[PDB]
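So this first bit is one chain, no partners, the form deposited in one PDB entry, shown in structure tokens.
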């Protein structure tokens, strides 16, 4: 037997954890003895050319090993044919989007900066492996415990070619535009520095406890206008070109906001690094 081989007939759905246009994550119990004693797992599946993407995502995740990256558990391959499901460890506390609004009383600035350092460690590790994540947002950071977070979704993660600085994306319709660097929005180019920009926005969310009224979308739509439709991205690009950025969160020290601003230099080459962010946060935590 293979413990990474999950048979479809024993993989039983409990409830939804979250879903996109073309993908979804469900809580499942893998219960081969059939007495409701099997382990709970998170299962990512496609909604009935994304199979290739999911298989590549699986091969990425399976080979990533870091305490701040969600753990691969296995796959469920379709008896029928081509289809596949990604099986991951289940973290009950959920993403920062779910967790932070509920745990405001026990999560102070110190712990927010420690989560920020953990995200940076996971991202630095990913970068060293020549991956660009392309979807770094609070909603994709899972809470392991009060003291530990994990990057929990790799659906858009792409490999940077050796001796190149960016990946160019063709399929870009389901893009988190309000987390995206100018080069991504303008030219569909994705550097490691593009993930740093995304980290800055993620840091803003963390600092605002993922409050919906203070979310990146809500704040950018307040700047540009909420009912521009298909012109939203171009107006966003224009607002970024002018130099406008998300404002300092309430109760955020200027030192922290300056580190955030260092993620948001218009030019990718002018932005800070994940290691320089860690150093900056660690200085504030000492």
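Think of the rigid core as the biggest set of C-alphas that the two forms share within 1.5 Å after superposition. Numbering follows the first chain given and starts at 1.
Another form exists, deposited in another entry; not displayed. Remarks below refer to it.
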Rigid core superposition, residue 266 Cα moves 2 angstroms or more between the shown form and the other one: no
Once the two forms are fit on the core, has residue 241 moved its CA by at least 2 Å between the shown form and the other one? no
Would you mind telling me if residue 226 and residue 138 are closer or farther apart in the other entry than in the shown form, C-alpha to C-alpha, with a 3 Å or larger change? farther
Closer or farther: how do the CA atoms of residue 155 and residue 226 lie in the other entry, compared with the form shown, if the change is at least 3 Å? farther
